[PDB]
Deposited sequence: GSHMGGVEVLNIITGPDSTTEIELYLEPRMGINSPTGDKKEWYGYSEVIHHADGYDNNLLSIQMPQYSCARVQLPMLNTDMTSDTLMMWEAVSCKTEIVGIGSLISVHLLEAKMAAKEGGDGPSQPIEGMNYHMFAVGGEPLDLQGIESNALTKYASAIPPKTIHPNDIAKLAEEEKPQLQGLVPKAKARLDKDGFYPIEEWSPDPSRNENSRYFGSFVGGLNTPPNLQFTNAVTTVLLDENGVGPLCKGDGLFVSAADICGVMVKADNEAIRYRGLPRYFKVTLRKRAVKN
């Protein structure tokens, strides 16, 4: 669409708010594993080699489409996302040093606190007028993944369909390994990144701090607004009067006392997005 003038006058703006709950692999507070909702299943070093890596061991992106007030119901209009407030909620919970099943931080014979949540932090949020474009990669192209119908997750080679001999290409950049973030708890973080070659109609912001013992470093405020306008002053334009929000917030890992295996911990993300009416020509 050709983008024309910002529409002025009353009822020219609106605001939408929502939460994305974390999809760390145990994605429902129902069923056998409900006690660990908001965490991954336990991961051991030879998972994906000695056995098939399960979807419940692979933190995934969160996403939602929000229905906007129907436009075009004079001038053809679309909702334009201009700015958002986003917040990781429950950061205070990460002070706990009495984590159930967690390794004790003390010498043998001590009675110390648990190790708290620490280690790799992966934080991303996106706002767009259509689903977020993803690019696939593998750290280990020959990782063994559990297979189900219906699929619980999608892997880059499910799309790229390289033969065993060509799958090492996935440790680099395989142009065919592309997808849209159209399903919540379905695309693993460890295999999918936002695609900087697309996303012309989305904005995304991410940080990663790696390692297993690194201090989680997180801020929270309602005083900071993220501007979603591009260099021409145009924000994401909401196709079908739909706003698409995407998130991933791995806040670290817990370490299990009995075998020192880990689980990822995620927190919910809040979004408040401000939108204005923009005139367009088809």
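Chemist: Can you list the gaps, in order, where the deposited sequence has no modelled residues?
Modeler: Absent from the structure are positions 1 to 6, 80 to 83.
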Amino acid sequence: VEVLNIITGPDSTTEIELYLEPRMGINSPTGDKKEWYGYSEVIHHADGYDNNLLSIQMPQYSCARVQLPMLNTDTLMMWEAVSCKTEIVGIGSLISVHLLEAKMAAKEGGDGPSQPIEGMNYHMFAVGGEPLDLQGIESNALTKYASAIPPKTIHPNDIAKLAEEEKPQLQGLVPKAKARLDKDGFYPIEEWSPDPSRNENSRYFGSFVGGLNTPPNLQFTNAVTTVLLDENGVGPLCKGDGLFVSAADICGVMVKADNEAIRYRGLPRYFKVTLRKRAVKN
From here on, numbers count along this sequence of modelled residues.
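Chemist: Would you mind comparing 124 to 132 and 103 to 111 for me and telling me which has the higher average C-alpha temperature factor in the entry?
Modeler: Here the higher of the two C-alpha B-factor means belongs to 103 to 111.
Chemist: Which is higher on mean Cα B factor in this entry, 184 to 192 or 144 to 152?
Modeler: Result: 144 to 152.
Chemist: Which is it among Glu165, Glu118, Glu138, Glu87: the one with the largest CA B-factor in the entry?
Modeler: Max CA B-factor in the entry, restricted to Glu165, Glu118, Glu138, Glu87: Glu165.
Chemist: Sorting by Cα B-factor within the chain, modelled residues only, which third would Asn27 end up in: lowest, middle or highest?
Modeler: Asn27: CA B-factor falls in the middle third of its chain.
Chemist: Ranking every modelled residue in this chain by its Cα temperature factor as given in the entry, which third contains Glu35?
Modeler: Highest third - that is where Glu35 ends up once the chain's C-alpha B-factors are sorted.
Chemist: Comparing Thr226 with the other modelled residues of its chain, is its CA B-factor in the lowest, middle or highest third?
Modeler: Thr226: CA B-factor falls in the middle third of its chain.
Chemist: Using the B-factors in the PDB entry, rank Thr75's C-alpha atom against the chain and give the third, lowest, middle or highest.
Modeler: Top third by C-alpha B-factor.
Chemist: Divide the modelled residues of the chain into thirds by Cα B-factor and specify which third, lowest, middle or highest, holds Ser246.
Modeler: Answer is lowest: the recorded C-alpha B-factor places it there.
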